[PDB]
Every structure is written in structure tokens, then in C-alpha cells.
There are 2 protein chains.
Amino acid sequence: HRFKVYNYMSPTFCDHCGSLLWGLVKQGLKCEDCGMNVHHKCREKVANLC
Amino acid sequence: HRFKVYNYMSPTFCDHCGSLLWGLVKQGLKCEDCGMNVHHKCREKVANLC
Ligand SMILES: [Zn+2]
Ligand SMILES: [Zn+2]
Ligand SMILES: [Zn+2]
Ligand SMILES: [Zn+2]
């Protein structure tokens with residue numbers, strides 16, 4: 001994965017843990033290649049396989 | 001048009017005046033129906049026709 005920080009325009013959940021990516025901006029990280037969305041706290045817990 | 005404020009993820013120009021929508025977040029307004037992108041200062045100068 002190549003996670004880049006993303007500003008989400010709709011309530012989006014974290015593809016790793018299932019809770020909402022809270023906030024107005026900078027809510028999480030979106031992988032540039034496959035679109036997985038994760039909380040900053042969950043990026044490290046995701047397998048690299050993309 | 002139904003302009004809603006948008007957080008752009010790439011350098012985007014204003015479809016009304018041609019200058020860059022400056023900033024990291026809240027750079028401009030995107031029309032929800034046809035995707036036109038405008039600076040907050042240009043929203044009022046755009047014809048309504050969407
Ligand atoms: Zn990925
Ligand atoms: Zn999470
Ligand atoms: Zn429009
Ligand atoms: Zn403009």
C-alpha cells in the first residue's frame with residue numbers, strides 16, 4: 001500500500017477496523033493504488049499486500 | 001448550480017476565472033450536479049445555468 005492522507009467528502013469507514021473516519025478533513029489515509037481507507041492509528045496494523 | 005464547499009486533492013483551477021484554487025482544504029466550491037469548480041469569490045459571478 002501507498003497511503004496518502006485524504007480529505008473525505010462523505011462519512012467513510014475505516015476498511016481495517018470498521019469505525020468512522022472522524023473529522024472534517026484529514027480524516028484518514030487512502031491507499032493511492034487500491035483505495036483502501038484507514039485511520040492514522042490503523043495504518044500500521046494493515047498487511048502490506050495491495 | 002448547487003455549490004458545496006470541497007476539499008481538493010490535486011491542484012485544481014477555477015472553472016470561472018482560470019486561477020488556481022489555493023489552499024490545502026476548503027479551496028473552493030464544487031457544484032454537486034455538474035462538477036463546476038469555483039473560488040468562493042467567483043461563485044457569485046457564475047451564471048446559474050447548470
Ligand atoms: Zn493498497
Ligand atoms: Zn481504523
Ligand atoms: Zn452546476
Ligand atoms: Zn475564480
# chains A, B, ... in the order shown; residues from 1 in each chain; ligands from 1
call {"tool": "residues_near_ligand", "arguments": {"ligand": "ligand 4", "cutoff": "6 Å", "atoms": "only C-alpha atoms and all ligand atoms", "output": "PyMOL selection string"}}
result
chain B and resi 14+16-17+19+38-39+42
call {"tool": "write_last_selection", "arguments": {"atoms": "C-alpha atoms", "output": "PDB file, in the first residue's frame"}}
result
ATOM      1  CA  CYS B  14     -11.315  27.678 -11.074  1.00  0.00           C
ATOM      2  CA  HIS B  16     -14.827  30.553 -13.852  1.00  0.00           C
ATOM      3  CA  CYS B  17     -11.612  32.640 -13.835  1.00  0.00           C
ATOM      4  CA  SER B  19      -6.624  30.771 -11.443  1.00  0.00           C
ATOM      5  CA  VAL B  38     -15.133  27.850  -8.374  1.00  0.00           C
ATOM      6  CA  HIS B  39     -13.301  30.117  -5.950  1.00  0.00           C
ATOM      7  CA  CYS B  42     -16.256  33.637  -8.067  1.00  0.00           C
TER       8      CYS B  42
END
call {"tool": "interface_residues", "arguments": {"of": "chain B", "to": "chain A", "cutoff": "9 Å", "atoms": "only C-alpha atoms", "output": "VMD selection string"}}
result
chain B and resid 6 to 9 25
call {"tool": "residues_near_ligand", "arguments": {"ligand": "ligand 2", "cutoff": "12 Å", "atoms": "only C-alpha atoms and all ligand atoms", "output": "MDAnalysis selection string"}}
result
chainID A and resid 12:22 27:30 36:46
call {"tool": "residues_near_ligand", "arguments": {"ligand": "ligand 1", "cutoff": "7 Å", "atoms": "only C-alpha atoms and all ligand atoms", "output": "list in words"}}
result
residues 1, 2, 31, 32, 33, 34, 35, 36 and 50 of chain A
call {"tool": "select_by_dssp", "arguments": {"residues": "chain B", "states": "strand (DSSP E or B)", "output": "PyMOL selection string"}}
result
chain B and resi 3-6+13+20+28-31+37-38
